[PDB]
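Presented below is the structure to which this report refers.
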Protein chains: 2
Amino acid sequence: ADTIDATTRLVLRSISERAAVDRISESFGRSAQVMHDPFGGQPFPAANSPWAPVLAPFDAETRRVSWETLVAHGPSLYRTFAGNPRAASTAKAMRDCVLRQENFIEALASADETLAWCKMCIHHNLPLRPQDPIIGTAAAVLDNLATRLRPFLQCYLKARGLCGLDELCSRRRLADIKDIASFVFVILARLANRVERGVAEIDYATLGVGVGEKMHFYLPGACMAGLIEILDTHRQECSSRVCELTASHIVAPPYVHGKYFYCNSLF
Amino acid sequence: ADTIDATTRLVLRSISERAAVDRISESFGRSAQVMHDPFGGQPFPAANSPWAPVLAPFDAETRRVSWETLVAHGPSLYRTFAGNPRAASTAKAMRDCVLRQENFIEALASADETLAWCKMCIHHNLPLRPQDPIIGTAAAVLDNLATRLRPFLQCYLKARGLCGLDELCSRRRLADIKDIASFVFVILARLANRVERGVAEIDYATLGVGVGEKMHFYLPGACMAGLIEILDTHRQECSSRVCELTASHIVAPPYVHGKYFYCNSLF
Ligand SMILES: [Zn+2]
Ligand SMILES: [Zn+2]
């Protein structure tokens with residue numbers, strides 16, 4: 001008979017013996033100290049570089065680049081990442097966390113950031129590497145967008161006649177991509193899978209890109225533009241009030257209702 | 001040969017033909033209007049009730065209840081939810097969104113909110129229902145905590161000798177629960193699974209609770225206290241700097257580094 005075993009029950013109750021406001025304060029205190037100098041002795045090199053401000057709140061308009069600017073200046077940033085492996089490792093880990101807690105609009109922007117970066121890599125024939133901080137955090141954007149979009153996609157993907165979110169990200173087949181939602185999820189799932197596998201160089205085909213091809217089907221900004229559009233226009237084809245609430249509240253996140261109480265017996 | 005088909009490529013590029021700053025503004029505008037009066041004609045009833053302020057920013061300290069208060073006043077809130085099905089449906093959908101975008105500390109608090117509520121239901125022999133707004137959003141807290149904790153749990157759960165996060169939430173067996181992390185993820189995954197199945201009443205065994213039992217192994221606040229503790233103390237057993245960065249940045253989320261550019265060619 002499936003049961004929580006006797007010993008684990010003791011383990012579970014014993015949190016009560018240790019949990020305390022000052023033990024928690026000293027925890028926030030130790031993790032905060034790690035975040036004070038997270039690169040330690042090894043930050044990315046001081047240099048005169050248009051990338052200096054992001055190599056040291058990120059402001060999208062101030063940090064904005066045209067596609068043409070990314071193609072001209074992207075290789076410099078790429079060489080910085082690859083040529084500073086300790087720094088890139090620290091960056092990767094911090095990027096992974098940031099992207100796992102980003103709001104919806106930020107998470108769209110990060111999907112485009114990741115795909116535009118790969119498109120730039122492809123443009124220059126640069127390999128797509130697991131250690132690259134942008135490529136290697138594909139799973140973070142992926143999981144963030146899955147969390148936030150799942151109940152809406154349950155409805156929308158049925159309306160499109162497509163596989164559900166989990167089957168999409170499980171099969172990971174280019175031939176399943178039929179719209180922008182399947183595109184963002186299938187491509188990011190393929191890319192996250194090849195990262196987790198730790199292939200030294202990730203095949204352009206992972207992105208649906210063939211030999212000598214350039215990814216003409218992906219325009220930078222398409223994840224943002226297209227997913228916001230479907231959150232908007234699906235309600236025209238869908239008679240569910242709950243779905244409409246879901247889509248609306250994704251687009252307009254200020255808190256209104258939904259939280260009832262806080263109960264903490266331990267501290 | 002697996003490929004993105006010709007027609008879908010056109011579909012993908014055609015976002016460029018529609019995406020525009022004012023189309024986006026009019027989207028934020030329509031979803032914002034839905035959020036202005038999301039209950040419409042059917043909010044929860046005006047009544048003299050300690051729950052009135054959450055039946056209309058949620059402040060945890062002001063909305064705080066002791067375990068004993070939840071047991072005395074919980075049945076009132078429960079009857080409000082069950083006896084107002086349109087309102088509960090709207091609440092559920094808005095709660096689901098809120099919990100899918102909550103920060104880590106909020107998401108811990110919501111795990112405890114959900115488990116303490118079930119424990120109260122069990123205490124009173126009240127059924128656990130899919131339409132109940134707190135029970136029915138178990139998947140939201142679940143996916144939120146998975147997003148944020150996944151790369152840390154990859155390391156920690158290995159250190160404990162347990163199944164990985166996905167196998168835990170896939171097998172959903174009480175006999176897999178060996179610590180606080182497996183507990184929160186296995187129990188919430190079982191509970192989310194029984195919600196998605198739409199059983200009219202969800203068996204107490206879903207929570208590891210047997211016939212006439214009371215869930216003595218779960219103390220309100222255990223998800224918060226215990227997960228913060230493991231983020232703190234795992235670094236004592238683990239020689240990985242990346243893991244330490246990961247845990248630290250989960251506990252201390254202010255942005256520091258990790259975002260490089262914003263590229264949007266469409267608008
Ligand atoms: Zn719908
Ligand atoms: Zn570790």
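Each chain in the structure tokens gets a letter, A, B and so on, in the order shown; residues start at 1 in every chain, and ligands are counted from 1 in the order they appear.
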
* Just need the residues of chain B within 6 Å of chain A, counting only C-alpha atoms, so spit them out as a PyMOL selection string. => chain B and resi 2-4+8-9+13+19+27+31-32+54+60+63-66+91+94-95+100+143+147-148+174-175+178+217+220-221+225+232+248+252+258+260-266

For the selection just defined, write its residues with N, CA and C atoms to a file, as a short mmCIF file (atom, residue, chain, number, x, y, z; two decimals), in the first residue's frame.
```cif
data_model
loop_
_atom_site.label_atom_id
_atom_site.label_comp_id
_atom_site.auth_asym_id
_atom_site.auth_seq_id
_atom_site.Cartn_x
_atom_site.Cartn_y
_atom_site.Cartn_z
N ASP B 2 12.24 15.60 -41.06
CA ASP B 2 11.49 16.48 -40.15
C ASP B 2 11.80 17.93 -40.54
N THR B 3 10.78 18.73 -40.80
CA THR B 3 11.01 20.07 -41.28
C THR B 3 9.79 20.92 -40.89
N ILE B 4 10.01 22.22 -40.74
CA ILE B 4 8.93 23.14 -40.67
C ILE B 4 8.31 23.35 -42.10
N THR B 8 3.68 26.96 -43.00
CA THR B 8 3.85 27.42 -41.63
C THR B 8 4.92 28.50 -41.62
N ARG B 9 5.96 28.33 -42.43
CA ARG B 9 6.92 29.40 -42.60
C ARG B 9 6.27 30.72 -43.03
N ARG B 13 6.28 34.20 -40.81
CA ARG B 13 6.65 35.52 -41.28
C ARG B 13 5.49 36.55 -41.30
N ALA B 19 1.99 43.17 -36.87
CA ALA B 19 2.42 43.62 -35.55
C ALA B 19 2.70 45.13 -35.55
N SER B 27 -4.52 45.82 -27.56
CA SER B 27 -4.55 44.52 -26.87
C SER B 27 -4.46 44.71 -25.38
N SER B 31 -7.64 43.61 -22.70
CA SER B 31 -7.47 42.68 -21.55
C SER B 31 -7.60 43.47 -20.26
N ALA B 32 -7.04 44.67 -20.22
CA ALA B 32 -7.21 45.55 -19.06
C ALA B 32 -8.64 45.85 -18.73
N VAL B 54 -10.98 39.50 1.51
CA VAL B 54 -10.43 38.72 0.38
C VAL B 54 -11.56 38.19 -0.47
N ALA B 60 0.26 39.68 3.38
CA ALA B 60 0.39 38.46 4.19
C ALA B 60 0.20 38.70 5.70
N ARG B 63 -3.29 39.57 6.32
CA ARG B 63 -4.22 38.47 5.99
C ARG B 63 -3.84 37.20 6.72
N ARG B 64 -2.93 37.29 7.68
CA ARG B 64 -2.46 36.12 8.40
C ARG B 64 -3.47 35.47 9.32
N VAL B 65 -3.51 34.14 9.33
CA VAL B 65 -4.38 33.42 10.25
C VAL B 65 -3.54 32.35 10.97
N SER B 66 -3.85 32.10 12.25
CA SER B 66 -3.24 30.93 12.95
C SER B 66 -3.89 29.65 12.39
N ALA B 91 -12.97 33.45 -9.54
CA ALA B 91 -11.89 33.44 -8.53
C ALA B 91 -10.81 32.43 -8.89
N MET B 94 -8.75 33.57 -11.85
CA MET B 94 -7.81 34.67 -11.51
C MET B 94 -6.70 34.18 -10.55
N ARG B 95 -7.07 33.35 -9.57
CA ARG B 95 -6.08 32.74 -8.66
C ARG B 95 -5.03 31.97 -9.45
N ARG B 100 0.57 31.63 -10.97
CA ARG B 100 1.59 31.36 -12.05
C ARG B 100 2.57 32.47 -12.31
N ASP B 143 3.61 24.21 -10.85
CA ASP B 143 4.41 24.62 -11.99
C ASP B 143 5.26 25.84 -11.63
N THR B 147 9.34 25.62 -12.01
CA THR B 147 10.13 26.51 -12.87
C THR B 147 11.35 27.00 -12.09
N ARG B 148 11.12 27.53 -10.92
CA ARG B 148 12.07 28.26 -10.13
C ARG B 148 13.07 27.34 -9.49
N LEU B 174 3.44 8.12 -3.00
CA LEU B 174 3.77 8.53 -1.64
C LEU B 174 5.11 7.94 -1.15
N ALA B 175 5.41 6.73 -1.65
CA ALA B 175 6.58 5.96 -1.18
C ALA B 175 7.85 6.59 -1.70
N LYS B 178 10.66 11.33 0.64
CA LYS B 178 11.78 11.08 1.59
C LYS B 178 12.29 12.37 2.26
N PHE B 217 1.52 14.80 9.84
CA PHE B 217 2.86 15.05 9.25
C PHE B 217 3.08 16.41 8.49
N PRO B 220 1.39 23.68 8.89
CA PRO B 220 1.30 24.87 8.05
C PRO B 220 2.56 25.71 8.15
N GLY B 221 3.18 25.96 7.02
CA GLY B 221 4.42 26.75 6.98
C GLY B 221 5.59 25.84 6.60
N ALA B 225 9.18 27.00 5.26
CA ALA B 225 10.32 26.85 6.17
C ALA B 225 11.29 25.83 5.55
N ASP B 232 19.33 27.13 1.76
CA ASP B 232 20.43 27.51 2.61
C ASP B 232 21.53 26.41 2.86
N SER B 248 21.50 30.84 -4.16
CA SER B 248 21.60 32.14 -3.59
C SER B 248 20.71 33.12 -4.33
N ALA B 252 17.71 35.37 -3.11
CA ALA B 252 17.97 36.82 -3.21
C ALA B 252 17.82 37.21 -4.66
N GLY B 258 22.72 39.17 -16.39
CA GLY B 258 22.13 38.01 -17.09
C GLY B 258 21.34 38.35 -18.36
N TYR B 260 21.05 40.75 -21.89
CA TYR B 260 22.05 41.33 -22.77
C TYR B 260 21.54 42.37 -23.76
N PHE B 261 20.37 42.10 -24.33
CA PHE B 261 19.83 42.99 -25.38
C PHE B 261 18.36 42.72 -25.57
N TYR B 262 17.71 43.65 -26.25
CA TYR B 262 16.33 43.52 -26.62
C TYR B 262 16.36 43.77 -28.12
N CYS B 263 15.81 42.84 -28.92
CA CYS B 263 15.79 42.96 -30.41
C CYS B 263 14.36 42.62 -30.89
N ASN B 264 13.72 43.64 -31.47
CA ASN B 264 12.36 43.47 -31.93
C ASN B 264 12.24 44.28 -33.23
N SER B 265 12.20 43.53 -34.33
CA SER B 265 12.27 44.03 -35.69
C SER B 265 10.89 44.41 -36.20
N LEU B 266 9.86 44.08 -35.45
CA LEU B 266 8.49 44.11 -36.00
C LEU B 266 7.76 45.34 -35.56
#
```

* For ligand 2, collect every residue having any atom at a distance of at most 6 Å from a ligand atom (counting only C-alpha atoms and all ligand atoms); output as a ChimeraX atom specification. => /B:155-156,238,240,243

* Between CA of residue 202 (chain B) and CA of residue 128 (chain B), what is the distance, to one decimal in Å? -> 5.1 Å

* **alpha helix (DSSP H) positions in region 6-66 of chain A, given as JSON, numbers by chain** => {"A": [6, 7, 8, 9, 10, 11, 12, 13, 15, 16, 17, 18, 21, 22, 23, 24, 25, 26, 27, 28, 29, 30, 31, 32, 33, 34, 35, 36, 52, 53, 54, 55]}

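The interatomic distance for the pair CA of residue 129 (chain B) and CA of residue 200 (chain B) works out to 6.1 Å.
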
* Structure fact -> For ligand 1, the closest of A:154, A:52, A:73, A:168 counting only C-alpha atoms and all ligand atoms is A:154
